[PDB]
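Asker: Submitted below is the structure of interest, expressed as C-alpha cells.
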Amino acid sequence: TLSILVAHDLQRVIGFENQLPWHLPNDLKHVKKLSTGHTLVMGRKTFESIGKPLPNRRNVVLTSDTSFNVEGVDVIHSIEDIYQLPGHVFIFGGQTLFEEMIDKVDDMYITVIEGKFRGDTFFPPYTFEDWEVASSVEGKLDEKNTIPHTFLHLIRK
Ligand SMILES: COc1cc(Cc2cnc(N)nc2N)cc(OC)c1OC
C-alpha cells in the first residue's frame, strides 16, 4: 500500500523556513502510530529537517545527489525506486515529492491544521471530488497542543 502522510494548514501550508510553523506533538504521535514498523520515503530537505531517521521504521531518502549517504537511512535516486519498496510505504514529503506522488498513491493520511500560518511551501490542491473521507477525528488539545487539528483518512473516489 502506498500512502501520503502529511500535516497541512487551511491554506495547505506544510512548512515555513524549513520547519513546521505549528508545534503539535499530537501530530508527531499520530505519525509514530501510523508509520512505526513501516517505511517512510522523504525528500532530502525533509530529511535534513528531521535531522536523524525516525526510530523503529525504515527511513528512505529520495535525492538526485548520488554522493548522498547517511547511516541508518536507505537512499534512492528515482521515483520508480519507490514502487519496489516492500510493505506499507508512506510518502512523507516534502512539497515536490507530494506533487509527484499525489496522483499515484492509494490513500492519504492528512492532519488538517485548522488555522492559517506563515508558509513558504505547500501541499498540492486536491478536491473531494477525487477523494472520499473514510474517517475524520478531531485532535485533542492540551497545553502542548494548542492549535485545533483534524485527522483525516482519505481514499480515492
Ligand atoms: C517529525 O518531524 C517533522 C515531520 C515532518 C513531516 C510530517 C509531519 N506530520 C505529518 N502528519 N506528516 C508529515 N509528513 C516535517 C517536519 O518539518 C518540516 C518535521 O520536523 C519536526
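By convention here, the chains of the C-alpha cells are called A, B, ... in the order presented, each chain's residues are numbered starting at 1, and ligands are numbered starting at 1 in the order presented.
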Would you name the residues within 10 Å of ligand 1, counting only C-alpha atoms and all ligand atoms, and put them as a ChimeraX atom specification?

Answerer: /A:4-8,14-32,34,40-42,45-54,90-95,98,109-113,121,151

Asker: Give me, as a PDB file with N, CA, C and O atoms, in the first residue's frame, all polymer residues having an atom no more than 12 Å from residue A:157, counting only C-alpha atoms and skipping those fewer than 2 positions away in the same chain.

Answerer:
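Wrote it out as part_26.pdb, contents follow:
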```
ATOM      1  N   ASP A 106      -2.401   5.369  -3.123  1.00  0.00           N
ATOM      2  CA  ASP A 106      -3.692   4.749  -2.876  1.00  0.00           C
ATOM      3  C   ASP A 106      -4.577   5.607  -1.970  1.00  0.00           C
ATOM      4  O   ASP A 106      -5.787   5.715  -2.168  1.00  0.00           O
ATOM      5  N   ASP A 107      -3.975   6.221  -0.964  1.00  0.00           N
ATOM      6  CA  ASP A 107      -4.750   6.937   0.044  1.00  0.00           C
ATOM      7  C   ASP A 107      -3.889   7.995   0.724  1.00  0.00           C
ATOM      8  O   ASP A 107      -2.695   8.087   0.455  1.00  0.00           O
ATOM      9  N   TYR A 126      -6.225  19.596  -3.773  1.00  0.00           N
ATOM     10  CA  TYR A 126      -6.954  18.370  -4.047  1.00  0.00           C
ATOM     11  C   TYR A 126      -8.419  18.625  -3.792  1.00  0.00           C
ATOM     12  O   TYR A 126      -8.774  19.525  -3.037  1.00  0.00           O
ATOM     13  N   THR A 127      -9.272  17.824  -4.410  1.00  0.00           N
ATOM     14  CA  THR A 127     -10.699  18.059  -4.305  1.00  0.00           C
ATOM     15  C   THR A 127     -11.424  16.821  -3.796  1.00  0.00           C
ATOM     16  O   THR A 127     -11.021  15.693  -4.077  1.00  0.00           O
ATOM     17  N   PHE A 128     -12.490  17.032  -3.032  1.00  0.00           N
ATOM     18  CA  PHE A 128     -13.275  15.925  -2.528  1.00  0.00           C
ATOM     19  C   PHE A 128     -14.157  15.310  -3.610  1.00  0.00           C
ATOM     20  O   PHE A 128     -14.932  14.399  -3.352  1.00  0.00           O
ATOM     21  N   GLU A 129     -14.024  15.802  -4.840  1.00  0.00           N
ATOM     22  CA  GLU A 129     -14.496  15.052  -5.999  1.00  0.00           C
ATOM     23  C   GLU A 129     -13.603  13.852  -6.318  1.00  0.00           C
ATOM     24  O   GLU A 129     -14.063  12.862  -6.888  1.00  0.00           O
ATOM     25  N   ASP A 130     -12.329  13.936  -5.939  1.00  0.00           N
ATOM     26  CA  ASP A 130     -11.382  12.845  -6.214  1.00  0.00           C
ATOM     27  C   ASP A 130     -11.137  11.961  -4.994  1.00  0.00           C
ATOM     28  O   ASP A 130     -10.609  10.854  -5.114  1.00  0.00           O
ATOM     29  N   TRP A 131     -11.513  12.471  -3.826  1.00  0.00           N
ATOM     30  CA  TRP A 131     -11.170  11.845  -2.549  1.00  0.00           C
ATOM     31  C   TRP A 131     -12.395  11.724  -1.654  1.00  0.00           C
ATOM     32  O   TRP A 131     -13.174  12.669  -1.521  1.00  0.00           O
ATOM     33  N   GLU A 132     -12.547  10.554  -1.043  1.00  0.00           N
ATOM     34  CA  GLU A 132     -13.625  10.280  -0.091  1.00  0.00           C
ATOM     35  C   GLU A 132     -13.054  10.270   1.325  1.00  0.00           C
ATOM     36  O   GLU A 132     -12.018   9.662   1.564  1.00  0.00           O
ATOM     37  N   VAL A 133     -13.741  10.929   2.254  1.00  0.00           N
ATOM     38  CA  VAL A 133     -13.366  10.882   3.666  1.00  0.00           C
ATOM     39  C   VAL A 133     -13.794   9.554   4.279  1.00  0.00           C
ATOM     40  O   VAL A 133     -14.992   9.276   4.423  1.00  0.00           O
ATOM     41  N   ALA A 134     -12.813   8.721   4.611  1.00  0.00           N
ATOM     42  CA  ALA A 134     -13.075   7.456   5.294  1.00  0.00           C
ATOM     43  C   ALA A 134     -13.174   7.610   6.798  1.00  0.00           C
ATOM     44  O   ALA A 134     -13.929   6.888   7.460  1.00  0.00           O
ATOM     45  N   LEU A 154      -8.225   9.693   3.794  1.00  0.00           N
ATOM     46  CA  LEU A 154      -8.892   9.885   2.504  1.00  0.00           C
ATOM     47  C   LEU A 154      -8.553   8.746   1.565  1.00  0.00           C
ATOM     48  O   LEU A 154      -7.394   8.341   1.461  1.00  0.00           O
ATOM     49  N   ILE A 155      -9.563   8.239   0.872  1.00  0.00           N
ATOM     50  CA  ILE A 155      -9.353   7.204  -0.131  1.00  0.00           C
ATOM     51  C   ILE A 155      -9.906   7.706  -1.464  1.00  0.00           C
ATOM     52  O   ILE A 155     -10.691   8.644  -1.489  1.00  0.00           O
TER      53      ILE A 155
END
```

Asker: Which residues, written as a VMD selection string, have at least one atom at most 9 Å from residue A:116, with only C-alpha atoms counted and residues fewer than 5 positions away on the same chain left out?

Answerer: chain A and resid 9 to 13

Asker: Tell me, as a PDB file with N, CA, C and O atoms, in the first residue's frame, which residues lie within 12 Å of residue A:104, counting only C-alpha atoms; anything in the same chain fewer than 5 positions away does not count.

Answerer:
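out-v1.pdb, written as the output of this step:
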```pdb
ATOM      1  N   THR A   1       0.871  -1.204   0.000  1.00  0.00           N
ATOM      2  CA  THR A   1       0.000   0.000   0.000  1.00  0.00           C
ATOM      3  C   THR A   1       0.893   1.234   0.000  1.00  0.00           C
ATOM      4  O   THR A   1       1.893   1.276   0.708  1.00  0.00           O
ATOM      5  N   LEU A   2       0.533   2.220  -0.818  1.00  0.00           N
ATOM      6  CA  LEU A   2       1.277   3.468  -0.895  1.00  0.00           C
ATOM      7  C   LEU A   2       0.380   4.604  -0.425  1.00  0.00           C
ATOM      8  O   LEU A   2      -0.697   4.826  -0.981  1.00  0.00           O
ATOM      9  N   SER A   3       0.827   5.318   0.604  1.00  0.00           N
ATOM     10  CA  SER A   3       0.002   6.342   1.243  1.00  0.00           C
ATOM     11  C   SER A   3       0.775   7.647   1.322  1.00  0.00           C
ATOM     12  O   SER A   3       1.981   7.625   1.531  1.00  0.00           O
ATOM     13  N   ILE A   4       0.082   8.774   1.189  1.00  0.00           N
ATOM     14  CA  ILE A   4       0.630  10.049   1.636  1.00  0.00           C
ATOM     15  C   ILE A   4       0.399  10.229   3.142  1.00  0.00           C
ATOM     16  O   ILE A   4      -0.644   9.839   3.673  1.00  0.00           O
ATOM     17  N   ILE A  79      11.931   8.217  -8.500  1.00  0.00           N
ATOM     18  CA  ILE A  79      10.563   7.899  -8.110  1.00  0.00           C
ATOM     19  C   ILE A  79      10.236   6.429  -8.351  1.00  0.00           C
ATOM     20  O   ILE A  79       9.569   5.791  -7.547  1.00  0.00           O
ATOM     21  N   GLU A  80      10.709   5.886  -9.467  1.00  0.00           N
ATOM     22  CA  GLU A  80      10.455   4.489  -9.790  1.00  0.00           C
ATOM     23  C   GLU A  80      10.932   3.521  -8.712  1.00  0.00           C
ATOM     24  O   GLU A  80      10.343   2.456  -8.524  1.00  0.00           O
ATOM     25  N   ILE A  82      10.581   3.834  -5.636  1.00  0.00           N
ATOM     26  CA  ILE A  82       9.574   3.744  -4.575  1.00  0.00           C
ATOM     27  C   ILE A  82       8.696   2.508  -4.724  1.00  0.00           C
ATOM     28  O   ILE A  82       8.345   1.856  -3.739  1.00  0.00           O
ATOM     29  N   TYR A  83       8.346   2.183  -5.963  1.00  0.00           N
ATOM     30  CA  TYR A  83       7.362   1.142  -6.209  1.00  0.00           C
ATOM     31  C   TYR A  83       7.903  -0.244  -5.882  1.00  0.00           C
ATOM     32  O   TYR A  83       7.130  -1.194  -5.735  1.00  0.00           O
ATOM     33  N   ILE A  91       4.594   8.214   1.861  1.00  0.00           N
ATOM     34  CA  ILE A  91       5.258   9.380   1.288  1.00  0.00           C
ATOM     35  C   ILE A  91       5.163  10.520   2.304  1.00  0.00           C
ATOM     36  O   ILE A  91       4.064  10.968   2.646  1.00  0.00           O
ATOM     37  N   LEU A  97       7.928  16.039  -3.642  1.00  0.00           N
ATOM     38  CA  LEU A  97       7.575  14.621  -3.627  1.00  0.00           C
ATOM     39  C   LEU A  97       6.052  14.447  -3.527  1.00  0.00           C
ATOM     40  O   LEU A  97       5.474  13.581  -4.190  1.00  0.00           O
ATOM     41  N   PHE A  98       5.392  15.280  -2.718  1.00  0.00           N
ATOM     42  CA  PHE A  98       3.933  15.264  -2.689  1.00  0.00           C
ATOM     43  C   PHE A  98       3.338  15.560  -4.065  1.00  0.00           C
ATOM     44  O   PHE A  98       2.382  14.910  -4.481  1.00  0.00           O
ATOM     45  N   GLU A  99       3.880  16.564  -4.752  1.00  0.00           N
ATOM     46  CA  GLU A  99       3.385  16.923  -6.081  1.00  0.00           C
ATOM     47  C   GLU A  99       3.536  15.764  -7.064  1.00  0.00           C
ATOM     48  O   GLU A  99       2.669  15.540  -7.913  1.00  0.00           O
ATOM     49  N   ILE A 155      -9.563   8.239   0.872  1.00  0.00           N
ATOM     50  CA  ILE A 155      -9.353   7.204  -0.131  1.00  0.00           C
ATOM     51  C   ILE A 155      -9.906   7.706  -1.464  1.00  0.00           C
ATOM     52  O   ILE A 155     -10.691   8.644  -1.489  1.00  0.00           O
ATOM     53  N   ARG A 156      -9.482   7.114  -2.578  1.00  0.00           N
ATOM     54  CA  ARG A 156      -9.936   7.606  -3.888  1.00  0.00           C
ATOM     55  C   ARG A 156     -11.423   7.404  -4.147  1.00  0.00           C
ATOM     56  O   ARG A 156     -11.993   6.353  -3.828  1.00  0.00           O
TER      57      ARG A 156
END
```

Asker: Could you pull out all residues of stretch 6-132 of chain A with a DSSP call of strand (DSSP E) and give them as a ChimeraX atom specification?

Answerer: /A:6-9,13-15,39-43,58-62,74-76,89-93,107-113,121-122,131-132

Asker: Residues as selected, C-alpha atoms, written as a PDB file, in the first residue's frame, can you do that?

Answerer:
```
ATOM      1  CA  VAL A   6       1.088  14.987   5.656  1.00  0.00           C
ATOM      2  CA  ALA A   7       0.144  17.793   8.038  1.00  0.00           C
ATOM      3  CA  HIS A   8      -1.087  20.936   6.261  1.00  0.00           C
ATOM      4  CA  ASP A   9      -2.986  24.053   7.315  1.00  0.00           C
ATOM      5  CA  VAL A  13       0.975  25.283   4.198  1.00  0.00           C
ATOM      6  CA  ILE A  14       3.382  22.461   5.071  1.00  0.00           C
ATOM      7  CA  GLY A  15       6.374  24.483   6.195  1.00  0.00           C
ATOM      8  CA  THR A  39       8.567   2.708   5.640  1.00  0.00           C
ATOM      9  CA  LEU A  40       8.849   6.498   5.258  1.00  0.00           C
ATOM     10  CA  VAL A  41      10.008   7.938   1.938  1.00  0.00           C
ATOM     11  CA  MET A  42      11.046  11.572   2.040  1.00  0.00           C
ATOM     12  CA  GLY A  43      12.953  14.190   0.080  1.00  0.00           C
ATOM     13  CA  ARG A  58      12.640   2.186   7.550  1.00  0.00           C
ATOM     14  CA  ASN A  59      13.737   5.670   6.502  1.00  0.00           C
ATOM     15  CA  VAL A  60      14.250   6.196   2.776  1.00  0.00           C
ATOM     16  CA  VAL A  61      15.585   9.444   1.291  1.00  0.00           C
ATOM     17  CA  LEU A  62      14.944  10.337  -2.340  1.00  0.00           C
ATOM     18  CA  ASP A  74      18.363   3.983   2.641  1.00  0.00           C
ATOM     19  CA  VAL A  75      18.910   6.312  -0.310  1.00  0.00           C
ATOM     20  CA  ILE A  76      17.127   6.160  -3.657  1.00  0.00           C
ATOM     21  CA  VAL A  89       5.104   2.857   2.273  1.00  0.00           C
ATOM     22  CA  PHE A  90       4.276   6.389   3.411  1.00  0.00           C
ATOM     23  CA  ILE A  91       5.258   9.380   1.288  1.00  0.00           C
ATOM     24  CA  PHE A  92       6.425  11.818   3.971  1.00  0.00           C
ATOM     25  CA  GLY A  93       7.199  14.946   1.910  1.00  0.00           C
ATOM     26  CA  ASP A 107      -4.750   6.937   0.044  1.00  0.00           C
ATOM     27  CA  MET A 108      -3.807   9.898   2.256  1.00  0.00           C
ATOM     28  CA  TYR A 109      -3.486  10.375   5.974  1.00  0.00           C
ATOM     29  CA  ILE A 110      -3.842  14.102   6.441  1.00  0.00           C
ATOM     30  CA  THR A 111      -3.629  16.135   9.606  1.00  0.00           C
ATOM     31  CA  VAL A 112      -5.523  19.331   8.822  1.00  0.00           C
ATOM     32  CA  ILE A 113      -4.154  22.089  11.000  1.00  0.00           C
ATOM     33  CA  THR A 121       5.927  25.518   0.964  1.00  0.00           C
ATOM     34  CA  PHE A 122       2.580  23.962   0.099  1.00  0.00           C
ATOM     35  CA  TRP A 131     -11.170  11.845  -2.549  1.00  0.00           C
ATOM     36  CA  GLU A 132     -13.625  10.280  -0.091  1.00  0.00           C
TER      37      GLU A 132
END
```

Asker: In Å to one decimal, how far is atom CA of residue A:96 from atom CA of residue A:136?

Answerer: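 So the answer is 26.0 Å.
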
Asker: How would you write, as a ChimeraX atom specification, the set of residues in stretch 30-131 of chain A that DSSP gives as helix (DSSP H, G or I)?

Answerer: /A:30-35,44-50,79-84,95-101

Asker: Would you mind exporting N, CA, C and O atoms of the selected residues as a JSON list (two decimals), in the first residue's frame?

Answerer:
```json
[["chain", "number", "residue", "atom", "x", "y", "z"],
["A", 30, "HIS", "N", 0.73, 10.79, 16.11],
["A", 30, "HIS", "CA", -0.05, 10.23, 15.01],
["A", 30, "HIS", "C", 0.89, 9.60, 13.97],
["A", 30, "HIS", "O", 0.70, 8.46, 13.55],
["A", 31, "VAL", "N", 1.90, 10.36, 13.57],
["A", 31, "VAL", "CA", 2.91, 9.85, 12.65],
["A", 31, "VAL", "C", 3.57, 8.57, 13.19],
["A", 31, "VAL", "O", 3.73, 7.60, 12.45],
["A", 32, "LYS", "N", 3.94, 8.58, 14.47],
["A", 32, "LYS", "CA", 4.57, 7.41, 15.10],
["A", 32, "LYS", "C", 3.64, 6.20, 15.02],
["A", 32, "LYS", "O", 4.06, 5.10, 14.66],
["A", 33, "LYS", "N", 2.37, 6.41, 15.35],
["A", 33, "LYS", "CA", 1.40, 5.31, 15.39],
["A", 33, "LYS", "C", 1.21, 4.70, 14.01],
["A", 33, "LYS", "O", 1.18, 3.48, 13.86],
["A", 34, "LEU", "N", 1.11, 5.55, 12.99],
["A", 34, "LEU", "CA", 0.84, 5.07, 11.64],
["A", 34, "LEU", "C", 2.05, 4.39, 11.01],
["A", 34, "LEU", "O", 1.89, 3.40, 10.29],
["A", 35, "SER", "N", 3.24, 4.92, 11.25],
["A", 35, "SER", "CA", 4.41, 4.55, 10.45],
["A", 35, "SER", "C", 5.43, 3.64, 11.13],
["A", 35, "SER", "O", 6.28, 3.07, 10.45],
["A", 44, "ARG", "N", 15.22, 14.95, 0.42],
["A", 44, "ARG", "CA", 16.40, 15.32, 1.19],
["A", 44, "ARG", "C", 16.16, 16.49, 2.14],
["A", 44, "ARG", "O", 16.66, 16.50, 3.28],
["A", 45, "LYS", "N", 15.39, 17.49, 1.68],
["A", 45, "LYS", "CA", 15.14, 18.65, 2.54],
["A", 45, "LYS", "C", 14.37, 18.29, 3.79],
["A", 45, "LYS", "O", 14.67, 18.77, 4.88],
["A", 46, "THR", "N", 13.36, 17.45, 3.63],
["A", 46, "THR", "CA", 12.60, 16.97, 4.77],
["A", 46, "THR", "C", 13.48, 16.15, 5.70],
["A", 46, "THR", "O", 13.42, 16.31, 6.93],
["A", 47, "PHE", "N", 14.33, 15.30, 5.13],
["A", 47, "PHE", "CA", 15.27, 14.56, 5.97],
["A", 47, "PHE", "C", 16.17, 15.50, 6.77],
["A", 47, "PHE", "O", 16.37, 15.30, 7.97],
["A", 48, "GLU", "N", 16.71, 16.52, 6.12],
["A", 48, "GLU", "CA", 17.61, 17.44, 6.82],
["A", 48, "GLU", "C", 16.87, 18.23, 7.90],
["A", 48, "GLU", "O", 17.45, 18.58, 8.93],
["A", 49, "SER", "N", 15.56, 18.41, 7.73],
["A", 49, "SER", "CA", 14.71, 18.99, 8.78],
["A", 49, "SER", "C", 14.54, 18.09, 10.02],
["A", 49, "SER", "O", 14.64, 18.57, 11.15],
["A", 50, "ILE", "N", 14.29, 16.80, 9.82],
["A", 50, "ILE", "CA", 14.17, 15.89, 10.96],
["A", 50, "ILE", "C", 15.53, 15.53, 11.55],
["A", 50, "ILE", "O", 15.63, 15.11, 12.70],
["A", 79, "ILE", "N", 11.93, 8.22, -8.50],
["A", 79, "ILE", "CA", 10.56, 7.90, -8.11],
["A", 79, "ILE", "C", 10.24, 6.43, -8.35],
["A", 79, "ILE", "O", 9.57, 5.79, -7.55],
["A", 80, "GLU", "N", 10.71, 5.89, -9.47],
["A", 80, "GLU", "CA", 10.45, 4.49, -9.79],
["A", 80, "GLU", "C", 10.93, 3.52, -8.71],
["A", 80, "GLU", "O", 10.34, 2.46, -8.52],
["A", 81, "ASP", "N", 12.00, 3.89, -8.00],
["A", 81, "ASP", "CA", 12.52, 3.07, -6.92],
["A", 81, "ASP", "C", 11.49, 2.88, -5.80],
["A", 81, "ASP", "O", 11.51, 1.87, -5.09],
["A", 82, "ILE", "N", 10.58, 3.83, -5.64],
["A", 82, "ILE", "CA", 9.57, 3.74, -4.58],
["A", 82, "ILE", "C", 8.70, 2.51, -4.72],
["A", 82, "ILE", "O", 8.34, 1.86, -3.74],
["A", 83, "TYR", "N", 8.35, 2.18, -5.96],
["A", 83, "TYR", "CA", 7.36, 1.14, -6.21],
["A", 83, "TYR", "C", 7.90, -0.24, -5.88],
["A", 83, "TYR", "O", 7.13, -1.19, -5.73],
["A", 84, "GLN", "N", 9.22, -0.35, -5.76],
["A", 84, "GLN", "CA", 9.87, -1.61, -5.42],
["A", 84, "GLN", "C", 10.10, -1.83, -3.92],
["A", 84, "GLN", "O", 10.54, -2.90, -3.51],
["A", 95, "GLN", "N", 7.24, 19.13, -0.40],
["A", 95, "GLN", "CA", 6.37, 19.61, -1.47],
["A", 95, "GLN", "C", 6.56, 18.91, -2.81],
["A", 95, "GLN", "O", 5.59, 18.43, -3.40],
["A", 96, "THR", "N", 7.78, 18.84, -3.32],
["A", 96, "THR", "CA", 7.94, 18.27, -4.67],
["A", 96, "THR", "C", 7.62, 16.77, -4.71],
["A", 96, "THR", "O", 7.08, 16.28, -5.70],
["A", 97, "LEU", "N", 7.93, 16.04, -3.64],
["A", 97, "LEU", "CA", 7.57, 14.62, -3.63],
["A", 97, "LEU", "C", 6.05, 14.45, -3.53],
["A", 97, "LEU", "O", 5.47, 13.58, -4.19],
["A", 98, "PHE", "N", 5.39, 15.28, -2.72],
["A", 98, "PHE", "CA", 3.93, 15.26, -2.69],
["A", 98, "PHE", "C", 3.34, 15.56, -4.06],
["A", 98, "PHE", "O", 2.38, 14.91, -4.48],
["A", 99, "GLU", "N", 3.88, 16.56, -4.75],
["A", 99, "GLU", "CA", 3.39, 16.92, -6.08],
["A", 99, "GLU", "C", 3.54, 15.76, -7.06],
["A", 99, "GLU", "O", 2.67, 15.54, -7.91],
["A", 100, "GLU", "N", 4.64, 15.03, -6.94],
["A", 100, "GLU", "CA", 4.92, 13.90, -7.83],
["A", 100, "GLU", "C", 4.08, 12.67, -7.52],
["A", 100, "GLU", "O", 3.85, 11.83, -8.39],
["A", 101, "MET", "N", 3.63, 12.55, -6.27],
["A", 101, "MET", "CA", 3.01, 11.30, -5.81],
["A", 101, "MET", "C", 1.50, 11.37, -5.60],
["A", 101, "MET", "O", 0.84, 10.32, -5.51]]
```

Asker: Between A:123, A:86, A:105, A:137, which is the closest to residue A:37 once you count only C-alpha atoms?

Answerer: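 Closest residue, counting only C-alpha atoms: A:86.
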
Asker: Which residue is closest to residue A:139? Choose from A:153, A:119, A:114, A:72 and count only C-alpha atoms.

Answerer: A:114

Asker: Would you work out the distance separating atom CA of residue A:102 from atom CA of residue A:120, expressed in Å to one decimal?

Answerer: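 Separation between atom CA of residue A:102 and atom CA of residue A:120: 19.3 Å.
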